[PDB]
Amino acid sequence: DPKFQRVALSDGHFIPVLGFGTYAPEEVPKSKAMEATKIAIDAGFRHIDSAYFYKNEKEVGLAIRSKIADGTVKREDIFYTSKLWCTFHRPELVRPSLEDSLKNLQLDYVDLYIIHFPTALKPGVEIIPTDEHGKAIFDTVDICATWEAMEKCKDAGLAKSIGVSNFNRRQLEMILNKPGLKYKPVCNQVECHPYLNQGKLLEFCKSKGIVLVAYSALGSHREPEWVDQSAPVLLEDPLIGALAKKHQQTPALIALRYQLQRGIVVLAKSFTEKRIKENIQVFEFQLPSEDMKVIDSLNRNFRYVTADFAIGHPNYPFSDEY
């Protein structure tokens, strides 16, 4: 079945091309990620994307283990991703954080463990420590030192593959060029959609054998406190709509298909049963090249995720052109 198709990672493992996103706004209970991940697995999703920062790994782990126990899948059929949060970048904190995730999931390994952002923050109890004025407190940690601790996690068997998220081209070169490098990042998970199509970073990643993984491919949750209401609304875009009508699909499906045909691994979050089922219908139609070119005209360098917490940090990723 085409919906189970996978893309080769540089390390010899394989990643399903469509993934299920599990983040939701803080008012949504974590149970809904559990319930939705069960439905996703039933619908045919096998790649599941989470993070320490989402505070949902006990719930997503329960979902996965329930679907292993009712025989819908085996562990090896699931591709689960987690992410190292910025307050754990110090080398001594990386494996213990992954081990905590694994204890919360009740799983023996993750398929993929990635550095969530390139900006280390002060370690401690707070997930985003701040000062008196509500600004985040930075830390100074060499990203290469964090990377070597990620390599040790692969060697320990706790992560089948390792990668990065929200890195720019300069930052990927830092790791690629690290003396002693043992494992190249297998991916770079970044925002990507028709308003931010990532064409330059994609070409760079492809030149280096790194898979680009797209988040906010359906336009995000648009939470205030990360997105100004003046943000363009991807799923209401009238041209995406016209193409959805042309193909007898939906806007969401156009947005997802665009990414698949560019060699991108695309995430899609939905906690609505009908939509979960819809989204995996992306494998049931194709776009012609002329329509791909039209969708390329939508690019406007618009980010739903600016990571304002990290503005002023030396490793802030989004100042460079790519």
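Residue positions are given as counts along the sequence shown, with the first one as 1.
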For this session: Going by the average Cα B-factor in the PDB entry, point out whether 194 to 202 or 132 to 140 comes out higher.
Result: 132 to 140
Exercise. Between 173 to 181 and 112 to 120, which has the higher average C-alpha B-factor in the PDB entry?
Worked result: 173 to 181
Exercise. Taking the values straight from the PDB record, which of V164, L234, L84, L243 has the highest C-alpha temperature factor?
Worked result: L234
Exercise. Among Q249, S230, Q189, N168, which residue carries the highest C-alpha B-factor recorded in the PDB entry?
Worked result: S230
Problem set entry | Chain third (lowest, middle, highest) by recorded CA B-factor, residue given as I15 | middle
Exercise. According to the PDB entry, is the CA B factor of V94 in the bottom, middle or top third of its chain, that is, lowest, middle or highest?
Worked result: lowest
For this session: For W226, return the chain-relative third of its C-alpha B-factor as stated in the PDB record: lowest, middle or highest.
Result: highest
Problem set entry | Lowest, middle or highest third - CA B-factor, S297 | highest
Problem set entry | Position of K152 among the chain's modelled residues by C-alpha B-factor, lowest, middle or highest third | lowest
